[PDB]
């Protein structure tokens, strides 16, 4: 009945669909478990109708990002604003000291930069002589260059350098040192509606292809030459080619016990060892977001990029200055509970400077993400948890402590203080169809394995797409976008030529 069956309506699947149609292919489906398309691309609506991407937000690597370039071309022709370049000079804030960025005496940006070259040198042409954690790597550096670092640099640099946790959605003790640093192919463009991208692509093929709320439970590959696919409601579709775009975290269920897990797909035959071993190669991080909606901007718009540093100690400096080796240090750190807003770095996007909106989009990482998404409906607790970083920010930005206005209550002498009107939090680590943000690396991981395993397919019939099945743009919206065109063309020409 069906030529190709695309599982998942994220951008990978939506692209694969747009293409198949672009190549005259007919009778193809798109089975999406959620009741909406977009997958990890979702724009929501808050106070006074403001819109925010709770999922993906940027076009990364604008110098090579092909999806972005398509968008740029569209904007050249119709003048419609689709994105904005929000790269800015980062403001770094420490609870006690305050702003530690562009410091005439701390010069953290320079050492961080060195820190970066050091890491490159440690793994350059070595085959990864034992991979450690970003945390360990940072320690090695501090030890090896202390003779050339002041006290304040040994104390703060490691905290500032953790902003990289918000790029992987992983804390520095869980993240791989070998993958921490990666290529940044040019500036980033804040998408002004990734939902426009999702919207455009979904409307580039027969709407009657989309089947929302279709949980796919099992995929069968009868050597006969067809592929049996059964959604959850008991329906069944027969197809020649199948493009599975579910997320790595989800797919990683097909290789475990308990087939009653939400989303899990039963494969018949079972995924060859290559694929199943790929999963031991690690994956899935947990980048999260909290949107803070204020009545109006009443703070300085010096920068659109603000990062709060996790608390540090002079007791740390002393331990670096006295350790005699990695072992004595790796141990002398036996020094030392209660997670607070100052227990990890937090990345704040000041939307006022960049998009004229009085809100802040904050990014968070594991293990914090899952705990905060857990209390997403408890506005009061969320406000109490972040109130201190928020006020520290407002202070540093020539403003005042935040007033809680989420409950409809109007006052007048508060037109000079920032009034918080609402909080929106993501829910990716708890949504069964995502179970996390995107692929990431634990010390010892190796992405190539999975990319190859995935791009080589289960066979000539069962293929794969998604931010986890490609090398360029891995984990990014465009990476997923291209992986969708890939499998799509590999099946397309393989049909036009047929007959």
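Numbering follows the first chain given and starts at 1. Each form is matched to the other, and the largest set of C-alpha atoms that superpose within 1.5 Å is called the rigid core.
Greater average departure of CA atoms from the shown form, over structures and residues in 9 other deposited structures of this protein after a core fit, characterises 274-282 among 362-370 and 274-282. Comparing 256-264 with 343-351 in 9 other deposited structures of this protein, after superposition on the rigid core, the stretch with the greater RMS C-alpha deviation is 256-264. Per the compared records, residue 413 is unresolved in at least a third of the other entries whose models span it. Where the other entries of this protein model the residues before and after it, residue 336 is dropped from at least a third of them. Deposited sequence between residue 336 and residue 337: 4 to 9 residues lack coordinates.
The PDB entry records a higher mean C-alpha B factor for 276-284 than for its counterpart among 152-160 and 276-284. Stretches 2-10 and 489-497 differ in mean C-alpha B factor, with the higher average recorded for 489-497. Ranking 99, 200, 381, 221 by the C-alpha B-factor listed in the PDB entry places 221 at the top. As recorded in the entry, 254 carries the highest CA temperature factor of 365, 254, 248, 77.
Placement of the Cα temperature factor of residue 29 within the chain: highest third of the modelled residues, per the deposited record.
In the deposited entry, the Cα temperature factor of residue 469 sits in the middle third of values across the chain's modelled residues. In the deposited entry, the Cα temperature factor of residue 41 places it in the lowest third of its chain's modelled residues. Ranked against the other modelled residues of its chain, the C-alpha B-factor of residue 300 as given in the entry falls in the middle third. Among the modelled residues of the chain, residue 324 sits in the highest third by CA temperature factor in this PDB entry.
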